[PDB]
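For ligands, and for the atoms within them, numbers begin at 1 and follow the listed sequence. Residues: numbered from 1 along the sequence shown.
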Amino acid sequence: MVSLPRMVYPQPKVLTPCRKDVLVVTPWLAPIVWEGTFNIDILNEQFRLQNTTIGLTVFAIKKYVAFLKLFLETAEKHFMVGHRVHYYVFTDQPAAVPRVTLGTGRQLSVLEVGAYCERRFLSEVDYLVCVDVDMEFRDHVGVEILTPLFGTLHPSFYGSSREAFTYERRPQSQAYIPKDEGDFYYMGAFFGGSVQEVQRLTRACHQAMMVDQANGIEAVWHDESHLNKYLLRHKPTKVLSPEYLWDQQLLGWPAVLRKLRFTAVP
Ligand SMILES: CCCCCCO[C@@H]1O[C@H](CO)[C@H](O)[C@H](N)[C@H]1O[C@@H]1O[C@@H](C)[C@@H](O)[C@@H](O)[C@@H]1O
Ligand SMILES: O=c1ccn([C@@H]2O[C@H](COP(=O)(O)OP(=O)(O)O)[C@@H](O)[C@H]2O)c(=O)[nH]1
Ligand SMILES: [Hg+2]
Ligand SMILES: [Hg+2]
Ligand SMILES: [Hg+2]
Ligand SMILES: [Mn+2]
C-alpha cells in the first residue's frame, strides 16, 4: 500500500538462481519457501507497513499441555519477531497453561475447550497460522510464509513420487485422491493463510469429515488426508519447504536444508 523506504541490499541476479538444487516455484506460480529465496528485510518492511497481526493457534489437550512452555518460549525467540502476534491456546486445562514472558506487541489468549467464535479471528488478526504443539522453534519463521493460503511439505515425502504419497486411496472417502493425481503431500502440522482462507479450508474439511462419518469411513490420516484433498483442488499461494517441519532425530540434517526452523520434540 504505502511506499517502501530507500533500502540498500544486493541486486538480484536474473541469470543467477538463488537455489539450483530445489524447485522454488510451483507450476501454478506459487513460491516454495527455502532459505536463500527471500530477503527478509524487504518482506519485513512490506508487512510492518501494513501493521500485520499474525494469529498462532495451538491445541493442548490432556498430556499435551506439557509441550506449551517450550513451544511458546521458542516461538518468542523465532516466530514473527518484530510483528504483532496473538497466540490462541485451546485447552481443556486453562490453569495448566505456563506463564511465559512475552515480548512487546505480543499477546496470548487461553480458550477453554470441550465445546467452546470464528468472527473473533476476523476482527483480531490478519493471518492465521495453525500448528501442532509438540514442537519447538529452532530458527527464523517469519513473514516470508504469509500469503492467502499455504501448506507445508511433509518431511517424509518431499522427494517421493505421488504414487508413494499416503493420500486416502478409497473412492468412498471425500478425501479420495487417485494415484495419477497430486502435487505434493502436505503435513497437517503447519498450515495457514488469511483468516478468510483458513476458515474456508476448515469449514470444507469439517463438512467432508462429517460426510465420511455418515458413510462409515475414516480417512487414513484423518484431518491431514482432507487437508491434502483441499489443497489439491484449491492450490496454495505459497508452499513451505521441509525447513518448516522437520525431525532431526528421525531424518537428520540433509544438505538441502540450510536451516531447521520448526521441529518435533523428542
Ligand atoms: C516431522 C515429523 C515427520 C516424521 C515421519 C512420520 O510421519 C508420519 O507421516 C504420516 C503420513 O504418512 C502422518 O503424517 C503422521 N502424522 C506422521 O507421524 C507423526 O509424526 C512422527 C514424527 C511421530 O511423532 C508419529 O507418532 C506421528 O504420528
Ligand atoms: O490428546 C491429544 C492429541 C493431540 N493433540 C493435538 O493434536 C496435534 C497432533 O497430534 P499428535 O502430536 O499426536 O500428532 P503427530 O504429529 O504425532 O502425527 C498435537 O500437536 C496437539 O496439538 C492434543 O492437544 N491432545
Ligand atoms: Hg487455525
Ligand atoms: Hg477438506
Ligand atoms: Hg483440514
Ligand atoms: Mn505433532
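- Considering only non-hydrogen protein atoms, atom 14 (O) of ligand 1 sits nearest to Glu224 OE2, 2.7 Å.
- Within the 4.0 Å cut-off (strictly below), no protein heavy atom is located near atom 25 (C) of ligand 1.
- The atom of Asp134 that is an N, O or S and sits closest to the Mn ion (ligand 6) is OD1.
- When ring centroids are compared, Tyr88 and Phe121 come within the 6.0 Å threshold.
- Although no hydrogens or angles enter the test, the distance criterion places no donor-acceptor pair under 3.5 Å between the side chain of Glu197 and the main chain of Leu149.
- Ring centers of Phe150 and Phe191: at least 6.0 Å apart, outside the cut-off.
- Distances from atom 5 (C) of ligand 1 to the protein include at least one heavy-atom value under 4.0 Å.
- Of the listed residues (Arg19, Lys259, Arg258), just one forms a salt bridge (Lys or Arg N to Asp or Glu O under 4.0 Å) with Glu35, and that residue is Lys259.
- Shown here is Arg120, whose CZ atom has no more than 12 heavy atoms of other residues, nucleotides or ligands within 6.0 Å.
- Counting non-hydrogen atoms of other residues, nucleotides and ligands closer than 6.0 Å to CZ of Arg84 gives a total of 12 or fewer.
- Inclusion of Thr166 in the set of residues having an N or O under 3.5 Å from an N or O of ligand 1 is warranted.
- The closest protein non-hydrogen atom to atom 2 (C) of ligand 1 is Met187 CE, 3.7 Å.
- Looking at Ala264 against ligand 1, nothing comes within 4.0 Å, counting heavy atoms.
- What sits closest to atom 3 (C) of ligand 1 on the protein, heavy atoms only, is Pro155 CG, 3.7 Å.
- Checking atom 9 (O) of ligand 1 against the protein gives a heavy-atom contact under 4.0 Å.
- Ring to ring, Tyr158 and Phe184 are not that close: their centroids are 6.0 angstrom or more apart.
- Summary of contacts: the protein heavy atom closest to atom 28 (O) of ligand 1 is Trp221 CZ3, 4.9 Å.
- The N/O atoms of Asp247, backbone and side chain alike, include none that comes under 3.5 Å of an N/O atom in ligand 1.
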